[PDB]
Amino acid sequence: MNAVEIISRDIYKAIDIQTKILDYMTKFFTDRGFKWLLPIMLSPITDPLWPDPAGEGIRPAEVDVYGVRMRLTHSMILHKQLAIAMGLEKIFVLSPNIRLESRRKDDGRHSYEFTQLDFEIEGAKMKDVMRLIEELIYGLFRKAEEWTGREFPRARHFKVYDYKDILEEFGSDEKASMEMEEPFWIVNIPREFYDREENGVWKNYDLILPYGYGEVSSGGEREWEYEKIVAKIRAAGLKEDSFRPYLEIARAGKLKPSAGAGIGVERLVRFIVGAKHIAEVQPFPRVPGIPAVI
């Protein structure tokens, strides 16, 4: 769209919903003793987002800072681990991400700029995090019924499926979402080096919304051991050079076991207001493959 067209849309309802969602979610975490961090947008290191069945293997945008190449944040996952290393115990951030995805990813769920509420908990296990997310989501959906006067899935806990089993039964998480009428978990997905893997099993989880809305949250237990981390990076064809300061911290033995997740704020707003395309809930759309005018 062009500038004047963009500012001509009526998105007041979506923004009012977003405000209520942000109020609810931030209070959820501060009420439970989480510390609230500010984001970083530029770093020598960022989330590789690869390997990942959910991706095409994009490289992060980058810019020079005092002559040094910095990467724009793909996600703050490595920084969350470092925050745990600093003894903050339980942390969250409203983190903007920049992911220059292709036109193939303009499916109504993707934006090339977006924010996730990203959180991490020292010593947590996958079951603990999934239980916390269920509590947050159940509580939010009850609130959403008051806000909108419409009904939302009533489930207090969600069914759990192995990634491999999803592939076999539905073919893809896409079709699975299409068939379900309640949120559900997909677990054990081989992906990035930082998700914990133990004897062929991945200790990770994606929360999928029903009715074709697709993934809304993703997380895992983490790796913390240097030699294990380096082997995974190498096996994936990635370069140790891209993670140098982080691997220095790992080699020193300063990473601690932890688990966490990120929740897409815009994807959640979209679900609650029932928008067909995520661009409808953004004052300034960032459609994959289409450079925005404003």
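For every residue, the number given is its place in the sequence shown, counted from 1.
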If we scan the other compared entries, does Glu56 go without coordinates in at least a third? yes
Mean CA temperature factor from the deposited coordinates, higher in 124-132 or in 198-206? 198-206
If you take the mean CA temperature factor per stretch, which one wins between 148-156 and 208-216? 148-156
Between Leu100, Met76, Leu72, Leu167, let me know which has the highest C-alpha B-factor in the entry? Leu167
For the listed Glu113, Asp118, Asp107, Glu221, which has the peak Cα B-factor recorded in the PDB entry? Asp107
Could you look up the Cα B-factor of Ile233 in the entry and say which third of the chain it sits in: lowest, middle or highest? middle
Which third of the chain holds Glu192 when residues are ordered by C-alpha B factor: lowest, middle or highest? lowest
Quick one: classify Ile11 as lowest, middle or highest third of the chain based on its Cα B-factor. highest
Quick check for you: using the entry's CA B-factors within this chain, is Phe271 in the lowest, middle or highest third? middle
Please rank the C-alpha B-factors of the chain's modelled residues and tell me whether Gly55 sits in the lowest, middle or highest third. highest
